[PDB]
Amino acid sequence: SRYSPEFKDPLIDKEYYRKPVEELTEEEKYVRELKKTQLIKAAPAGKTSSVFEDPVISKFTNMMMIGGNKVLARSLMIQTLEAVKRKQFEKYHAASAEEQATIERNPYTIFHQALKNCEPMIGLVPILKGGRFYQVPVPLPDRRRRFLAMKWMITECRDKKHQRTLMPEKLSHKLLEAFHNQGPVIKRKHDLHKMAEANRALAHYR
Amino acid sequence: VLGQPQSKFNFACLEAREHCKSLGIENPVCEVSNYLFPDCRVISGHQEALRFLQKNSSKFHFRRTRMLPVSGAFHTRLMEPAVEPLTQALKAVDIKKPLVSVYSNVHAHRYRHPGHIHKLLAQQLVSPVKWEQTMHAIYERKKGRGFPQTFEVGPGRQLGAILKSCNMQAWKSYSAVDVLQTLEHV
RNA sequence: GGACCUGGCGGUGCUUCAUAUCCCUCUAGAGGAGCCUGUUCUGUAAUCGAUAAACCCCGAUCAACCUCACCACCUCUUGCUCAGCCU
RNA sequence: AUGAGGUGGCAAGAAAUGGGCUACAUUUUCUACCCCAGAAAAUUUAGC
Ligand SMILES: [Mg+2]
């Protein structure tokens, strides 16, 4: 690494600094004073104090990226968001008066809820002890399941069975399916929760 | 037959022959007749063997199967009676040395000496067509180096698709001569 | 023989924790296709051989009637330089 | 003669395994541009 150990990661949170000194606790006052002495790394290209910034969508875009072509990944992400928005508007214009109150048109809300609906809380850990592999249930950390939902969504959208259907169109369809607890990603979560319930007797190996 | 990575061609030909032996015929014929591009071949032989392959494609891991609209099994030993006639007609003809590098189909390399074209043109009748090997022999090169222009002088654009499957970069500089219409009336 | 001192125990097991190497975790390949190839076996009297040393004539590419190695026949010699030898 | 030459001959096949070279596309390809356009169509090896 080209940064010395003294260098610390920057804090881009804009409203953190505007906090009144009166609200600051003694510990928070101390750490604010301490950061004065520390050296701070240059903020990386990426996160910004923008009010429209979304770390989850940024991570999804980075996970779609191939060969460092970030422009194309962000283009695909924004196209997916626009497609979801337009599909929801089309479904809203054609809905009954009482059905328009339960139709979400915010693409960010749909994206977050669809990813949350696919998060597995339990997983397996291959462990060979007696000469034969043994899959044991283990509770998944929050970061692990957040990553797994994204990875499953992207892998499902990268299947070759979808011939000539462009990535934004496939991803919008999968997101809207997972928003309603439907589709193959929700089934992949269910088949993991079931295959980890089928081996609850193997937890004693942990 | 367009196969997938798990497809075994000689194996499937073997069961296709077992079927016809069980039915009972003298020396059933079913072997690869054309190597066109990766995982795509043309099998040739008795219609029973081809029907067996078509109906057992799933077991043989064949993604697609399409019977050719041709009279019979070309490029196989079944065409042996057609060897002796052609040879005689070629005997009278004096074949000169090709001016350009003409590639063969029997073994997919340039014709070297004119006295061997006479028998290679007859072996081509009863031998598989080594088209993929010919495409490699003509277009194989290191990454980054330029490719020559390619012109398909004749009807159709099938060779264009085959080249696309074989070499994308060589296909980038491919063009076809229009034999159905002309832009300008000369 | 009584009492006591130092121990060593090349010590043996458990208990607690440091518990990093190495697994699991992440990314991309490799299983397909066509070529050339290393090795091994068998073959011939012989070697299947090696191209800072052939051929090429888009890219590459095989023997080339090449050439050094090898088999079978032979020949030159006091010769190149009190020579010569990729032992 | 372990030196120098002449003549001819020497062409090889099988698998089992290891490696290398090519194309392998929809997040693609062609043109204009250099990013607001138009058309086409399981084992196992490394790394951080
Ligand atoms: Mg030899």
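Letters A, B, ... are given to chains in the order of the sequence lines, protein chains preceding strands, and every chain is numbered from 1.
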Undergrad: Taking side chain to side chain donor-acceptor pair (under 3.5 Å) as the criterion, tell me which of B:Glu152, B:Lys164, B:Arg157, B:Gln149 meets it with B:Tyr174.
TA: B:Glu152
Undergrad: Can you measure A:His162 atom NE2 to D:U26 atom P for me and round it to whole angstrom units?
TA: 14 Å
Undergrad: State, with a plain yes or no, whether a side-chain heavy atom of A:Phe89 is found less than 4.5 Å away from one of A:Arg105.
TA: yes
Undergrad: When all nucleic acid strands are considered with a 4.0 Å heavy-atom cut-off, which category describes A:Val71: base, sugar-phosphate, or nothing?
TA: base
Undergrad: I need the CZ-P distance between A:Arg74 and D:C36, as an integer number of Å.
TA: 14 Å
Undergrad: Looking at residues 153-160 of chain A, who's got a heavy atom less than 4.0 Å off RNA chain D?
TA: A:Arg158, A:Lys160
Undergrad: At a heavy-atom distance below 4.0 Å, which nucleotide of RNA chain C is the first touched by chain B, and which is the last?
TA: C:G32 to C:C62
Undergrad: Atom CZ of A:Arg132 and atom P of D:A42: how far apart are they, to the nearest Å?
TA: 19 Å
Undergrad: Kindly say whether D:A4 and C:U75 qualify as a Watson-Crick or G-U pair under the rule that both distances are below 3.5 angstrom.
TA: yes
Undergrad: For nucleotides 16-20 of chain D, print each protein N/O atom paired with a nucleotide N/O atom at under 3.5 Å, atom names and distance only.
TA:
none

Undergrad: For D:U7 and C:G13, is it a pair or not, if I count Watson-Crick and G-U wobble only and require both distances under 3.5 Å?
TA: no
Undergrad: Side chains of A:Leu176 and A:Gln88: does their closest heavy-atom pair fall under 4.5 Å?
TA: yes
Undergrad: Just compare D:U26, D:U27, D:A23 and give me whichever is closest to any side-chain atom of A:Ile66.
TA: D:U27
Undergrad: For the adjacent pair C:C56/C:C57, please state whether the pyrimidine-type six-membered rings satisfy a centroid distance under 5.5 angstrom and an interplanar angle under 30 degrees.
TA: yes
Undergrad: Using a 4.5 Å cut-off on heavy atoms from C-beta on, say whether the side chain of A:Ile12 contacts that of A:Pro10.
TA: yes
Undergrad: When you compare the six-membered rings of D:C34 and D:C35, are they both close enough (centres under 5.5 Å) and flat enough to each other (planes under 30°) to count as stacked?
TA: no
Undergrad: For the side-chain contact (heavy atoms from CB on, under 4.5 Å) test, which of B:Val1, B:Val32, B:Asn34, B:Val129 pairs with B:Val42?
TA: B:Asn34
Undergrad: Is there a continuous path of hydrophobic side-chain contacts, each under 4.5 Å between heavy atoms, that joins B:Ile43 to B:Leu2?
TA: no
Undergrad: Side-chain donor-acceptor contacts of residues 106-124 of chain A below 3.5 Å, not counting sequence neighbours, with atom names and distances?
TA:
{"from": "A:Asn106", "atom 1": "OD1", "to": "A:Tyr108", "atom 2": "N", "distance (Å)": "3.4"}
{"from": "A:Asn106", "atom 1": "ND2", "to": "A:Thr109", "atom 2": "OG1", "distance (Å)": "3.3"}
{"from": "A:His112", "atom 1": "NE2", "to": "A:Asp54", "atom 2": "OD1", "distance (Å)": "3.3"}
{"from": "A:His112", "atom 1": "NE2", "to": "A:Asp54", "atom 2": "OD2", "distance (Å)": "2.9"}
{"from": "A:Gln113", "atom 1": "NE2", "to": "A:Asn117", "atom 2": "OD1", "distance (Å)": "3.2"}
{"from": "A:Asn117", "atom 1": "ND2", "to": "A:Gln113", "atom 2": "O", "distance (Å)": "3.4"}
{"from": "A:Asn117", "atom 1": "ND2", "to": "A:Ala178", "atom 2": "O", "distance (Å)": "3.0"}
{"from": "A:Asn117", "atom 1": "ND2", "to": "A:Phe179", "atom 2": "O", "distance (Å)": "3.4"}

Undergrad: With a 4.0 Å cut-off on heavy atoms, is A:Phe147 in touch with a base, just the backbone sugar-phosphate, or nothing at all?
TA: sugar-phosphate
Undergrad: Could you check how far CE of A:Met167 sits from P of D:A25, rounded to whole Å?
TA: 16 Å
Undergrad: Counting only Watson-Crick pairs (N1-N3 plus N6-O4 or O6-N4) and G-U wobbles (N1-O2, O6-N3), all under 3.5 Å, who is the partner of C:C58?
TA: none
Undergrad: Is the C:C48-C:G49 step stacked (ring centres under 5.5 angstrom, plane angle under 30°)?
TA: no
Undergrad: At 4.0 Å (heavy atoms only), tell me whether B:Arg145 reaches a base, stays on the sugar-phosphate, or touches nothing.
TA: sugar-phosphate
Undergrad: May I ask you to say what A:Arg206 touches in the nucleic acid, namely base, sugar-phosphate or nothing, with a heavy-atom cut-off under 4.0 Å?
TA: nothing
Undergrad: Stacking test, C:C76 against C:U75: centre separation of the six-membered rings below 5.5 Å and plane angle below 30 degrees, yes or no?
TA: yes
Undergrad: Tell me which residues in residues 106-121 of chain B put a heavy atom below 4.0 Å from RNA chain C, sorted by number, or none.
TA: B:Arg110, B:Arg112
Undergrad: Kindly indicate whether the side chain of B:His75, heavy atoms from C-beta on, has any atom under 4.5 Å from the side chain of B:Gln124.
TA: yes
Undergrad: Within 45° of the ring axis of A:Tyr16 and under 6.0 Å from its six-membered ring centre, is that where the NZ or CZ of A:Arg32 lies?
TA: yes
Undergrad: Answer yes if the side chains of B:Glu18 and B:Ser22 hold a donor-acceptor pair under 3.5 Å, and no otherwise.
TA: no
Undergrad: Kindly indicate whether D:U43 forms a Watson-Crick or G-U wobble pair with C:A30, where both distances must fall under 3.5 Å.
TA: yes
Undergrad: With side chains defined as the heavy atoms from C-beta onward, is the minimum distance between A:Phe60 and A:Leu171 less than 4.5 Å?
TA: yes
Undergrad: The sugar of C:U61: north or south, by the sign of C1'-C2'-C3'-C4'?
TA: north
Undergrad: Would you kindly say whether A:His173 and A:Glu169 are connected by a side-chain donor-acceptor distance under 3.5 Å?
TA: no
Undergrad: Check for me whether D:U29 stacks on D:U28 (ring centroids under 5.5 Å, interplanar angle under 30°).
TA: yes
Undergrad: Going by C1'-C2'-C3'-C4', which side is C:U47 on: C3'-endo/north or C2'-endo/south?
TA: south
Undergrad: Does any nucleotide pair with C:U78 by Watson-Crick or G-U wobble geometry, both distances under 3.5 Å, and what is it?
TA: none
Undergrad: Assign C:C71 to north (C3'-endo side) or south (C2'-endo side) according to its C1'-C2'-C3'-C4' torsion.
TA: north
Undergrad: Near RNA chain D, which residues from residues 161-177 of chain B have a heavy atom under 4.0 Å away?
TA: B:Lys164, B:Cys166, B:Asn167, B:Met168, B:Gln169, B:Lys172
